[PDB]
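work_35.cif (mmCIF, N, CA and C atoms and all ligand atoms)
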```
data_final
loop_
_atom_site.label_atom_id
_atom_site.label_comp_id
_atom_site.auth_asym_id
_atom_site.auth_seq_id
_atom_site.Cartn_x
_atom_site.Cartn_y
_atom_site.Cartn_z
N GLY J 1 -16.94 -8.52 -3.59
CA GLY J 1 -17.53 -8.37 -4.90
C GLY J 1 -18.95 -8.89 -4.96
N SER J 2 -19.85 -8.22 -4.25
CA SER J 2 -21.26 -8.62 -4.22
C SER J 2 -22.04 -7.95 -5.35
N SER J 3 -22.61 -8.77 -6.23
CA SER J 3 -23.37 -8.27 -7.36
C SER J 3 -22.76 -6.98 -7.90
N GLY J 4 -21.44 -6.95 -7.98
CA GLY J 4 -20.75 -5.77 -8.48
C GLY J 4 -21.14 -4.51 -7.74
N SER J 5 -20.33 -4.14 -6.75
CA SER J 5 -20.59 -2.95 -5.96
C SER J 5 -19.92 -1.72 -6.56
N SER J 6 -20.49 -0.55 -6.31
CA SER J 6 -19.94 0.70 -6.83
C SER J 6 -18.91 1.29 -5.87
N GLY J 7 -17.93 2.00 -6.43
CA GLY J 7 -16.90 2.60 -5.61
C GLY J 7 -15.79 3.22 -6.43
N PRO J 8 -15.22 4.33 -5.93
CA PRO J 8 -14.14 5.04 -6.62
C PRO J 8 -12.83 4.25 -6.62
N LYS J 9 -12.01 4.48 -7.63
CA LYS J 9 -10.73 3.79 -7.75
C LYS J 9 -9.64 4.53 -6.97
N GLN J 10 -10.01 5.05 -5.81
CA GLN J 10 -9.06 5.78 -4.97
C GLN J 10 -8.74 4.98 -3.71
N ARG J 11 -8.53 3.68 -3.87
CA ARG J 11 -8.21 2.81 -2.75
C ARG J 11 -6.90 2.07 -2.99
N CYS J 12 -6.22 1.71 -1.90
CA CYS J 12 -4.95 1.00 -1.99
C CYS J 12 -4.94 0.05 -3.18
N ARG J 13 -3.79 -0.06 -3.84
CA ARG J 13 -3.65 -0.93 -5.00
C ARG J 13 -3.31 -2.36 -4.57
N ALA J 14 -3.95 -2.81 -3.49
CA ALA J 14 -3.71 -4.15 -2.98
C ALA J 14 -5.01 -4.94 -2.89
N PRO J 15 -4.93 -6.25 -3.16
CA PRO J 15 -6.10 -7.14 -3.12
C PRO J 15 -6.60 -7.37 -1.70
N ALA J 16 -5.74 -7.09 -0.72
CA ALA J 16 -6.09 -7.27 0.68
C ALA J 16 -5.86 -5.98 1.47
N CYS J 17 -6.40 -4.88 0.97
CA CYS J 17 -6.24 -3.58 1.63
C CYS J 17 -7.35 -2.62 1.20
N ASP J 18 -8.28 -2.35 2.11
CA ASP J 18 -9.39 -1.45 1.83
C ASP J 18 -9.15 -0.08 2.47
N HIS J 19 -7.92 0.40 2.39
CA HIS J 19 -7.56 1.69 2.96
C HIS J 19 -7.23 2.70 1.86
N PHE J 20 -7.39 3.98 2.17
CA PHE J 20 -7.11 5.04 1.21
C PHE J 20 -5.61 5.15 0.94
N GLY J 21 -5.23 5.00 -0.32
CA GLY J 21 -3.82 5.08 -0.68
C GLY J 21 -3.40 6.49 -1.05
N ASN J 22 -2.32 6.61 -1.81
CA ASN J 22 -1.82 7.91 -2.22
C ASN J 22 -0.76 7.76 -3.32
N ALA J 23 -0.81 8.65 -4.30
CA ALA J 23 0.14 8.62 -5.41
C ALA J 23 1.57 8.50 -4.90
N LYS J 24 1.96 9.41 -4.01
CA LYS J 24 3.30 9.40 -3.45
C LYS J 24 3.74 7.99 -3.10
N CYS J 25 2.87 7.25 -2.42
CA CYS J 25 3.17 5.88 -2.02
C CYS J 25 2.85 4.91 -3.16
N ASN J 26 3.16 5.32 -4.39
CA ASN J 26 2.90 4.49 -5.56
C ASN J 26 1.48 3.95 -5.54
N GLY J 27 0.53 4.78 -5.12
CA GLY J 27 -0.85 4.37 -5.07
C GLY J 27 -1.20 3.66 -3.77
N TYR J 28 -0.31 2.78 -3.33
CA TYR J 28 -0.52 2.03 -2.10
C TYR J 28 -0.60 2.97 -0.90
N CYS J 29 -0.94 2.41 0.26
CA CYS J 29 -1.05 3.19 1.48
C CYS J 29 0.23 3.11 2.30
N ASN J 30 0.51 4.17 3.06
CA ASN J 30 1.71 4.22 3.89
C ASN J 30 2.05 2.84 4.44
N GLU J 31 1.07 2.19 5.06
CA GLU J 31 1.26 0.87 5.63
C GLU J 31 1.95 -0.06 4.63
N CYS J 32 1.28 -0.31 3.51
CA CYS J 32 1.82 -1.18 2.48
C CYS J 32 3.17 -0.66 1.98
N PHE J 33 3.21 0.62 1.64
CA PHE J 33 4.44 1.23 1.15
C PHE J 33 5.62 0.88 2.05
N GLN J 34 5.46 1.12 3.35
CA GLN J 34 6.52 0.82 4.31
C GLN J 34 6.88 -0.66 4.28
N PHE J 35 5.91 -1.51 4.58
CA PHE J 35 6.13 -2.95 4.59
C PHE J 35 6.92 -3.39 3.37
N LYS J 36 6.44 -3.01 2.19
CA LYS J 36 7.10 -3.36 0.94
C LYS J 36 8.61 -3.38 1.11
N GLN J 37 9.15 -2.34 1.74
CA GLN J 37 10.58 -2.24 1.97
C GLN J 37 11.17 -3.60 2.34
N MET J 38 12.39 -3.86 1.89
CA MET J 38 13.07 -5.12 2.17
C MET J 38 13.34 -5.26 3.67
N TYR J 39 12.70 -6.24 4.30
CA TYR J 39 12.87 -6.48 5.72
C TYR J 39 14.33 -6.81 6.04
N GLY J 40 15.01 -5.87 6.69
CA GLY J 40 16.40 -6.08 7.05
C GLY J 40 17.35 -5.24 6.21
N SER J 41 17.02 -3.95 6.07
CA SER J 41 17.85 -3.04 5.29
C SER J 41 18.74 -2.20 6.19
N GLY J 42 19.31 -2.84 7.21
CA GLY J 42 20.18 -2.13 8.13
C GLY J 42 21.38 -1.51 7.44
N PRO J 43 22.08 -0.62 8.16
CA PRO J 43 23.26 0.07 7.63
C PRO J 43 24.45 -0.87 7.45
N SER J 44 24.53 -1.88 8.31
CA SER J 44 25.62 -2.85 8.25
C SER J 44 25.13 -4.18 7.70
N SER J 45 26.05 -4.96 7.14
CA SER J 45 25.71 -6.26 6.57
C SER J 45 26.97 -7.04 6.20
N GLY J 46 26.93 -8.35 6.40
CA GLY J 46 28.07 -9.19 6.08
C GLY J 46 27.68 -10.45 5.34
ZN ZN J 101 -2.46 -0.76 1.71
#
```
Can I see the file as structure tokens?
Ligand SMILES: [Zn+2]
Amino acid sequence: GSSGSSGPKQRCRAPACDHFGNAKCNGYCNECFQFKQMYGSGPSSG
């Protein structure tokens, strides 16, 4: 945020992600979208 820089609002909806996102991925980028998933969603569980 240097002296208020210009730029389109077509970037990942994350504070630590300067990559191009996409509506499908809820705005976020594939990377973020995937990660978001609950780590450990295997088919089996006890
Ligand atoms: Zn992202």
Write as a short mmCIF file (atom, residue, chain, number, x, y, z; two decimals) with N, CA and C atoms, in the frame of the given file the residues around ligand ZN 101 (chain J), taking 5 Å as the cut-off and counting all atoms listed in the file.
```cif
data_model
loop_
_atom_site.label_atom_id
_atom_site.label_comp_id
_atom_site.auth_asym_id
_atom_site.auth_seq_id
_atom_site.Cartn_x
_atom_site.Cartn_y
_atom_site.Cartn_z
N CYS J 12 -6.22 1.71 -1.90
CA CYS J 12 -4.95 1.00 -1.99
C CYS J 12 -4.94 0.05 -3.18
N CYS J 17 -6.40 -4.88 0.97
CA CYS J 17 -6.24 -3.58 1.63
C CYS J 17 -7.35 -2.62 1.20
N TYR J 28 -0.31 2.78 -3.33
CA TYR J 28 -0.52 2.03 -2.10
C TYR J 28 -0.60 2.97 -0.90
N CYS J 29 -0.94 2.41 0.26
CA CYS J 29 -1.05 3.19 1.48
C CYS J 29 0.23 3.11 2.30
N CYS J 32 1.28 -0.31 3.51
CA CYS J 32 1.82 -1.18 2.48
C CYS J 32 3.17 -0.66 1.98
#
```
Extract, using only C-alpha atoms, all DNA, RNA and protein residues at most 7 Å from region 4-11 of chain J, discarding same-chain residues fewer than 5 positions from it, and format them as a PyMOL selection string.
-> chain J and resi 18-21
Could you take the residues named above and write them with N, CA and C atoms, as an mmCIF file, in the frame of the given file?
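What ended up in part_24.cif:
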```
data_model
loop_
_atom_site.group_PDB
_atom_site.id
_atom_site.type_symbol
_atom_site.label_atom_id
_atom_site.label_comp_id
_atom_site.auth_asym_id
_atom_site.auth_seq_id
_atom_site.Cartn_x
_atom_site.Cartn_y
_atom_site.Cartn_z
ATOM 1 N N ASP J 18 -8.280 -2.350 2.110
ATOM 2 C CA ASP J 18 -9.390 -1.450 1.830
ATOM 3 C C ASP J 18 -9.150 -0.080 2.470
ATOM 4 N N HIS J 19 -7.920 0.400 2.390
ATOM 5 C CA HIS J 19 -7.560 1.690 2.960
ATOM 6 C C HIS J 19 -7.230 2.700 1.860
ATOM 7 N N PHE J 20 -7.390 3.980 2.170
ATOM 8 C CA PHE J 20 -7.110 5.040 1.210
ATOM 9 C C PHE J 20 -5.610 5.150 0.940
ATOM 10 N N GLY J 21 -5.230 5.000 -0.320
ATOM 11 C CA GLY J 21 -3.820 5.080 -0.680
ATOM 12 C C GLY J 21 -3.400 6.490 -1.050
#
```
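Going from atom N of residue 2 (chain J) over to atom N of residue 26 (chain J), you cover 26.7 Å.
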Separation of CA of residue 31 (chain J) from atom C of residue 1 (chain J) in Å | 24.8 Å
Enter the distance from atom N of residue 36 (chain J) to atom N of residue 22 (chain J), in Å, rounded to one decimal.
-> 13.6 Å
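Backbone DSSP over chain J yields helix (DSSP H, G or I) at residues 23, 24, 25, 30, 31, 32, 33, 34, 35 and 36 of chain J.
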Residue selection dump (N, CA and C atoms) as a PDB file, keeping the file's coordinate frame:
```pdb
ATOM      1  N   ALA J  23      -0.810   8.650  -4.300  1.00  0.00           N
ATOM      2  CA  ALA J  23       0.140   8.620  -5.410  1.00  0.00           C
ATOM      3  C   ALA J  23       1.570   8.500  -4.900  1.00  0.00           C
ATOM      4  N   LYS J  24       1.960   9.410  -4.010  1.00  0.00           N
ATOM      5  CA  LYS J  24       3.300   9.400  -3.450  1.00  0.00           C
ATOM      6  C   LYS J  24       3.740   7.990  -3.100  1.00  0.00           C
ATOM      7  N   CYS J  25       2.870   7.250  -2.420  1.00  0.00           N
ATOM      8  CA  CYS J  25       3.170   5.880  -2.020  1.00  0.00           C
ATOM      9  C   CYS J  25       2.850   4.910  -3.160  1.00  0.00           C
ATOM     10  N   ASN J  30       0.510   4.170   3.060  1.00  0.00           N
ATOM     11  CA  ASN J  30       1.710   4.220   3.890  1.00  0.00           C
ATOM     12  C   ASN J  30       2.050   2.840   4.440  1.00  0.00           C
ATOM     13  N   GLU J  31       1.070   2.190   5.060  1.00  0.00           N
ATOM     14  CA  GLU J  31       1.260   0.870   5.630  1.00  0.00           C
ATOM     15  C   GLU J  31       1.950  -0.060   4.630  1.00  0.00           C
ATOM     16  N   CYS J  32       1.280  -0.310   3.510  1.00  0.00           N
ATOM     17  CA  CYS J  32       1.820  -1.180   2.480  1.00  0.00           C
ATOM     18  C   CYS J  32       3.170  -0.660   1.980  1.00  0.00           C
ATOM     19  N   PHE J  33       3.210   0.620   1.640  1.00  0.00           N
ATOM     20  CA  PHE J  33       4.440   1.230   1.150  1.00  0.00           C
ATOM     21  C   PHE J  33       5.620   0.880   2.050  1.00  0.00           C
ATOM     22  N   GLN J  34       5.460   1.120   3.350  1.00  0.00           N
ATOM     23  CA  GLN J  34       6.520   0.820   4.310  1.00  0.00           C
ATOM     24  C   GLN J  34       6.880  -0.660   4.280  1.00  0.00           C
ATOM     25  N   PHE J  35       5.910  -1.510   4.580  1.00  0.00           N
ATOM     26  CA  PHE J  35       6.130  -2.950   4.590  1.00  0.00           C
ATOM     27  C   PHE J  35       6.920  -3.390   3.370  1.00  0.00           C
ATOM     28  N   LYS J  36       6.440  -3.010   2.190  1.00  0.00           N
ATOM     29  CA  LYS J  36       7.100  -3.360   0.940  1.00  0.00           C
ATOM     30  C   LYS J  36       8.610  -3.380   1.110  1.00  0.00           C
TER      31      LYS J  36
END
```
So which one's closest to residue 13 (chain J), J:46, J:40, J:27, J:35? Using only C-alpha atoms, please.
-> J:27
Would you compute an axis-aligned box for region 14-29 of chain J, covering every atom listed for it in the file with 4 Å of margin on each side, and report centre and edge lengths in Å to one decimal as lines of an AutoDock Vina configuration file?
```
center_x = -2.8
center_y = 1.0
center_z = -1.3
size_x = 21.1
size_y = 24.8
size_z = 16.5
```
